[PDB]
Amino acid sequence: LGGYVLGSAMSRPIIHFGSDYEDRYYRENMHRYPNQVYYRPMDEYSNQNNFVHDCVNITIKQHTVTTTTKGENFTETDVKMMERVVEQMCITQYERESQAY
Amino acid sequence: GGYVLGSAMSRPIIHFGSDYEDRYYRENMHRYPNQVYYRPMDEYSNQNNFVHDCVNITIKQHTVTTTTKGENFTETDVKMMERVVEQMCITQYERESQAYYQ
């Protein structure tokens, strides 16, 4: 890791993405993204730009490697889709499991 | 728990009604299971008793599987959260430097 401290938990950004997909995808999924950041404490060579380039790439990478059950990453809109899919599969398993017998 | 996992089905092309759901599914569909756990027919199971049970577990068995965050994110989250985190880091620079010059 190194000299990078973890920024204290902050308010999540309001973003106006181009499309309705993103705007809504992001509405449903922001709880999945990091609420706080990993940055390098200020000194004399700290240009906003170097500071953010780092922070963005550490924060993300560290978020990437965190472990979690597949479920805590599931929205309502996922459950609707999953149980649609997994239904019609059992359905296939069914006729099959009785086609014989 | 007595059930047995069958073999891998084809994940289907499902046209939901809306644009958001169709676009979503196309990108996320590889995230939901492709083979199912079921209680093989001794006798007593009618469709419902079966499919609703088969569904019941498969998901509750999926849910609890441990993965990683990065492993779950699609092309979109990747590109979407970098944009999220850029803003959040900009706010940290202004918090950070603000105090740095007192």
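Residue numbers in this text run from 1 along the chain shown.
How was it done? The header gives X-ray crystallography, 3.1 Å.
Each residue, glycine too, has its Cβ placed from N, Cα and C.
The following features are taken from Swiss-Prot:
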type: DISULFID; residues: B:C54-B:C89; note: disulfide bond
type: CARBOHYD; residues: B:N56; note: N-linked glycosylation site
type: CARBOHYD; residues: B:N72; note: N-linked glycosylation site
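Structural mapping of features recorded in Swiss-Prot.
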{"residue": "B:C54", "record": "disulfide bond", "Cβ within 10 Å": "25"}
{"residue": "B:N56", "record": "N-linked glycosylation site", "Cβ within 10 Å": "15"}
{"residue": "B:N72", "record": "N-linked glycosylation site", "Cβ within 10 Å": "17"}
{"residue": "B:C89", "record": "disulfide bond", "Cβ within 10 Å": "25"}
Sites among the recorded positions B:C54, B:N56, B:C89 close to chain A [C-beta, under 8 Å]: B:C54, B:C89
Distance [Cα-Cα, Å, rounded] between B:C54 (disulfide bond) and B:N72 (N-linked glycosylation site): 24
Cα-to-Cα gap, B:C89 (disulfide bond) vs B:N72 (N-linked glycosylation site), nearest whole Å: 23
Inter-residue C-alpha distance, B:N72 (N-linked glycosylation site) and B:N56 (N-linked glycosylation site) (nearest angstrom): 22
